[PDB]
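Quick reminder, even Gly has a Cβ in these numbers, built from the backbone with ideal geometry, and neighbours come from all protein chains shown. Read-outs throughout are calculated quantities, based only on the coordinates presented, and are distinct from any laboratory measurement.
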Amino acid sequence: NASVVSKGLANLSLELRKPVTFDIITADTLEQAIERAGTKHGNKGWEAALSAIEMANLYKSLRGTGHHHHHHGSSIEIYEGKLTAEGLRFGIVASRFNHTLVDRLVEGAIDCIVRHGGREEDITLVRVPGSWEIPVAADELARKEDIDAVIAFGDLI
Amino acid sequence: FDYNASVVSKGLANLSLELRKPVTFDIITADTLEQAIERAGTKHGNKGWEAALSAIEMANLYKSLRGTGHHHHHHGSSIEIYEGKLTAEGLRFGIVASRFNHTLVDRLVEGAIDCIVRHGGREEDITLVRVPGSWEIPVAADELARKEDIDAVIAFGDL
Amino acid sequence: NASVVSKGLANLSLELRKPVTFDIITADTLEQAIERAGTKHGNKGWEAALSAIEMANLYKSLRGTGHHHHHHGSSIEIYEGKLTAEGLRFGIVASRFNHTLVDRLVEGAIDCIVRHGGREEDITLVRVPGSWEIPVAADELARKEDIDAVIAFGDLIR
Amino acid sequence: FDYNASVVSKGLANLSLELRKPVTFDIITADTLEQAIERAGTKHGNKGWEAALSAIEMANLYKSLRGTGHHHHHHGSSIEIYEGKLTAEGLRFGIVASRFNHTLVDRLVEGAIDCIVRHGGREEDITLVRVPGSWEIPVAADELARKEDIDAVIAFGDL
Amino acid sequence: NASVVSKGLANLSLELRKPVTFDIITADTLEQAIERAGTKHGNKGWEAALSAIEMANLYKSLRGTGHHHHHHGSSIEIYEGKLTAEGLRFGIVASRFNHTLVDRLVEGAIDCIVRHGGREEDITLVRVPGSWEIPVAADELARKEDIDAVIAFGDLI
Amino acid sequence: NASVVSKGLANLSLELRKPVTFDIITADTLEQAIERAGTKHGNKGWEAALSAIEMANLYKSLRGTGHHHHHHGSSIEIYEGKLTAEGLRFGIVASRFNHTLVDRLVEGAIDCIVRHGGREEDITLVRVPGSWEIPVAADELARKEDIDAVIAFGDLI
């Protein structure tokens with residue numbers, strides 16, 4: 001599975017007369033755990049952002065003046081939110097405590113909004129000393145009329 | 001029974017209900033390994049933070065000691081006290097770091113830079129110099145310290 | 001070795017009357033291992049970029065017309081690729097699978113390219129969901145005219 | 001002590017009290033068997049969901065790579081990055097499934113169809129083909145893939 | 001490490017023709033614990049005051065009419081509070097119960113505000129019988145329009 | 001790995017109707033050990049030259065009049081030495097004692113200096129009878145105004 005891509009890249013190098021290199025990495029018992037922790041935290045942040053995108057679009061559709069697809073049959077309205085973060089302004093609140101792990105969630109939540117059609121100019125980040133101050137900063141962030149969803153990352157347990 | 005995680009959740013839920021805006025609340029969950037990694041990281045950060053804080057205090061003490069200013073008293077007992085204010089406003093700093101073990105010395109440097117900035121230190125006044133190893137530090141530190149527009153020099157080695 | 005530097009810095013601080021400080025970061029057995037892993041990945045990406053730089057320079061010299069060097073004063077011509085990456089356009093393809101470790105190779109290659117005189121404007125990065133679609137994105141990018149070398153980074157094994 | 005089931009109940013009770021409307025709140029209760037059944041079902045659903053998501057990303061990467069558009073940068077460092085947006089708007093898809101083990105492959109197909117639709121994929125652009133077994137897949141997949149109005153083909157076998 | 005300073009002080013005494021003395025203290029097994037408890041309580045009070053200074057400056061900047069430094073790249077606003085307690089009025093509430101230990105926190109919290117640029121004339125201290133009366137006194141203290149932050153020290157657990 | 005090269009070259013030779021020959025060489029343990037020793041010596045010389053190149057560029061940019069190359073995003077300025085030996089003049093000091101070993105390091109540094117863009121006219125080599133004359137010879141080489149770095153290799157230990 002890994003040798004075939006190298007063979008193809010070698011053949012492409014011979015065909016195109018260009019230097020094409022290919023490289024892999026061998027992992028011991030510990031780097032696997034490190035990478036798994038990083039991937040898990042990134043996935044947590046990704047899901048946290050996705051759950052807010054869906055709720056924002058659900059709010060957009062629920063108050064709208066047009067109904068959409070019914071149930072598996074008909075005569076039963078269904079309301080749901082699309083995973084399209086286009087034109088939505090977000091606000092992220094993170095805690096400086098354990099920043100070496102909170103920043104992983106922050107980075108894994110920004111790129112989801114970017115890849116779902118959102119531009120970085122509509123993202124506002126706020127950092128607070130600890131988890132205790134999260135609600136009172138999220139309150140002031142929500143006070144802004146140019147905010148559609150709030151994502152908050154703490155560090156406990 | 002935590003007195004913290006319960007109250008933050010109650011406050012966030014009531015805020016979301018009162019303002020009709022989604023507030024996703026997520027925390028971390030570590031078990032005996034990520035806790036150790038995080039503790040090592042924050043220990044390195046605190047090491048660099050106090051490394052910069054001591055230099056700030058010493059610079060302010062030097063400025064106040066040889067300056068002409070009537071200082072305050074302990075409590076009003078006329079015994080004047082000379083001490084260094086933790087206000088790095090107007091001070092210029094120079095940091096020397098060795099790229100050997102950069103994955104940790106960079107955490108030290110970052111934990112010192114923000115310590116300087118948050119205390120009022122302007123970003124224009126911090127100068128960073130990198131050297132291949134600790135054995136190169138003395139000459140570069142001498143060159144930085146000879147400058148008149150430098151109030152403190154902080155350096156980081158390797159282990 | 002670590003003591004002479006600190007003593008010199010203390011003497012300099014005493015001479016110039018300014019807070020010159022020196023601090024050394026300790027390391028336990030776990031953080032030593034994580035630092036070792038990071039350094040290993042960085043060096044892997046560094047050499048991966050260096051080889052491509054040399055090959056691109058050699059190919060440019062072969063296609064060009066310059067009798068730059070000779071061997072020990074003899075009339076024979078020896079063709080060699082310099083390690084100056086100025087004026088070369090690169091293309092990096094990386095698998096997002098195990099991105100925590102792949103990004104180290106990516107940043108090491110970028111650091112080597114920029115340190116060898118290259119520019120960040122001439123680097124093009126492509127991310128693919130896995131290693132099985134590396135060939136198609138690789139050849140699609142490599143068939144572009146403004147690309148001098150292609151470096152591919154797969155996912156971890158074992 | 002759950003931080004979730006308590007807060008949802010408190011919020012629903014306060015909502016019912018404040019709005020004078022009955023809000024029946026019921027949850028599930030499983031013991032070591034329904035949990036396993038649900039986990040198997042959601043695992044199959046996630047398998048089909050990621051199966052469709054990878055195809056969406058690859059189609060968008062193909063469109064962007066050979067297209068004439070100045071792409072954004074990593075952080076502002078002029079290194080342009082080519083990546084596939086997860087917006088299946090305007091893309092047309094074809095799914096091939098084998099009715100062998102339909103009670104699971106239909107869950108896969110359903111977990112892919114909603115994944116396409118929620119990302120902006122219109123329902124008019126999804127074409128589904130069923131075959132008696134996996135051995136019939138290659139020819140039908142060839143017939144679907146030869147079509148010009150098809151941007152991706154997803155297929156499901158049996159085990 | 002301890003003899004070099006004494007040698008330097010002796011040389012300075014000989015140079016300047018002035019009486020310069022130097023003295024250290026040897027600690028047994030118990031005075032170390034006493035000093036560590038005192039230092040720990042002082043540090044707790046110091047951190048308690050610092051976390052309120054940062055929040056006060058965060059409130060000052062968050063409602064202001066000027067944005068500041070972005071993220072590691074750009075296009076993402078970041079809001080944070082400086083550790084400059086200049087011009088800020090504080091209010092401390094302490095409990096008389098276990099005063100022999102609460103006063104340590106009070107003293108370790110006053111000097112932090114003093115050393116961060118705050119003058120003692122902007123500090124107001126209130127003592128209450130027990131921890132139960134802390135919120136209702138902090139309410140009246142916050143009712144004052146010349147208060148920017150409240151720090152409260154109880155004694156339980 | 002080794003034979004695919006031969007198959008490809010045979011195919012190319014048949015395509016072009018032109019003699020292309022490929023062959024390999026078999027080695028025993030003694031030759032393997034001596035060649036790995038030689039390669040180790042070459043690598044040592046290579047690293048020794050690379051460090052000097054970086055330090056010379058660092059000093060030149062540190063005392064250069066222009067100020068640029070700020071950190072990404074922030075306004076702080078980072079001083080670092082590029083690995084480009086163009087325009088730099090070097091000086092090498094070697095001892096005739098164990099020349100069979102010293103010359104390998106000398107060549108392993110000269111080739112690095114040349115391959116990093118450095119012209120051969122800027123390299124100056126000085127040989128001394130032993131390592132005990134290195135200090136004064138290096139002093140005399142350093143006193144020159146057209147020398148940017150000095151690298152000195154001693155005897156075996």
Go ahead and estimate [θ] at 222 nm for chain A from helices alone: -39,500 (n - 2.57) per DSSP H run with n ≥ 4, summed, over the residue count, rounded to 500.
-16500 deg cm²/dmol
Find out how many positive minus negative residues lie around D:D158, taking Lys and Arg as positive, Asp and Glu as negative, among other residues whose Cβ is under 13 Å from that of D:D158.
0
Most mobile listed residue (E:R89, E:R17, E:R143) in chain E, GNM with C-alpha springs under 10 Å:
E:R17
What nm value, rounded to one decimal, do you get for the distance between B:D106 and E:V136 when each label is placed 7 Å out toward the C-beta?
5.6
Within-13-Å neighbourhood charge of C:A85 [Cβ basis; K, R +1; D, E -1]:
-1
Mean ellipticity per residue at 222 nm, deg cm²/dmol - from DSSP H runs of n ≥ 4 across chain D, formula -39500 (n - 2.57):
-15500 deg cm²/dmol
Show the residues, 5+ positions off or on another chain, whose built amide H is closer than 5 Å to the amide H of A:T21.
C:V150, C:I151, C:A152
Taking all pairs of distinct alpha-carbon atoms in segment C:41-121, Kirkwood radius in angstrom:
14.1
Report the Stokes-Einstein translational diffusion coefficient (µm² s⁻¹, integer) for the protein assembly as shown, Rh taken as the Kirkwood radius over Cα pairs, at 25 °C with viscosity 0.890 mPa s.
73
Apply the Karplus curve 6.51 cos²θ - 1.76 cosθ + 1.60, θ = phi - 60°, to the phi angles in segment D:31-42 and return the couplings in whole Hz, x for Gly and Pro.
9, 6, 10, 5, 4, 5, 4, 5, 5, 4, x, 5
Cα-Cα pairs above 15 Å in segment C:3-54: how many percent?
67
Once you charge only the Cβ atoms, +1 for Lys and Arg and -1 for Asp and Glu, what is the size of the charge dipole of chain C about its Cα centre, to the nearest 20 debye?
320
Give me log10 I(q)/I(0) at q = 0.17, 0.18, 0.26, 0.27 Å⁻¹ for segment B:81-159, Debye formula, one equal scatterer per alpha-carbon, no solvent.
-0.68, -0.75, -1.21, -1.25
Counting just the Cα atoms, what span does segment C:36-88 cover along each of its three principal axes? Round to the nearest Å and put the largest first.
48, 25, 13
Chain B - percent relative contact order, Cα under 8 Å, separation 6 or more
25
Run the numbers on segment A:21-114 and let me know its relative contact order in percent, using alpha-carbon pairs under 8 Å that are six or more apart.
40
One finds the C-alpha centres of segment C:81-116 and segment A:77-132 to be spaced, in Å, by 29
Which of A:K82/D:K85; C:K7/F:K60; A:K7/F:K7; C:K144/D:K63; C:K40/C:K82 have a Cα-Cα distance over 18 Å?
C:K7/F:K60; C:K40/C:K82
DSSP-defined antiparallel bridges as percent of all bridges, chain F, nearest 5:
10
Restricting the count to DSSP beta bridges whose residues both fall in the protein assembly as shown, what percent are antiparallel, rounded to a multiple of 5?
5
One finds the C-alpha centres of segment F:23-60 and segment B:2-74 to be spaced, in Å, by 49
What does the charge add up to near C:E145, with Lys and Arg as +1, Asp and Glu as -1, over the other residues with Cβ less than 12 Å from its Cβ?
+2
Once normalised by the length of segment B:67-134, the mean sequence separation of its alpha carbon contacts under 8 Å that are 6 or more apart gives a contact order in percent of 39
Once the dipole of the protein assembly as shown is set up with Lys and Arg at +1 and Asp and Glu at -1 on Cβ about the Cα centre, which of B:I37, A:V102, C:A152 lies farthest towards its positive end?
C:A152
Select from E:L16, E:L30, E:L62 the residue whose mean-square fluctuation is largest in a Gaussian network model of chain E (Cα-Cα springs shorter than 10 Å).
E:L16
With point charges of +1 on the Cβ of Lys and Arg and -1 on the Cβ of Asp and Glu, referenced to the Cα centre of the protein assembly as shown, which listed residue (C:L141, B:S6, E:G118) lies farthest in the positive direction of the dipole?
C:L141
One can check that the equivalent ellipsoid of segment F:80-157, built from the alpha-carbon gyration tensor with semi-axes equal to the square roots of five times its eigenvalues, has lengths in Å, largest first, of 22, 15, 10
Would you mind working out the magnitude of the charge dipole of the protein assembly as shown relative to its Cα centre, with +1 at each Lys and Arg C-beta and -1 at each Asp and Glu C-beta, to the nearest 20 Debye?
340
With Cα springs under 10 Å, the Gaussian network model of chain B assigns the largest mean-square fluctuation among B:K21, B:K85, B:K147 to B:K21
How far apart, in nanometres, would the label points at E:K18 and F:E47 be if each is projected 7 angstrom from Cα along the Cα-to-Cβ direction?
5.3
Measure of size requested: the Rg and Dmax of chain B, with Cα atoms as the atom set and Å as the unit; please supply both.
21.8, 62
Running Debye on chain A with equal point scatterers at the Cα sites and no solvent, what base-10 log of I(q)/I(0) appears at q = 0.19 Å⁻¹?
-1.12
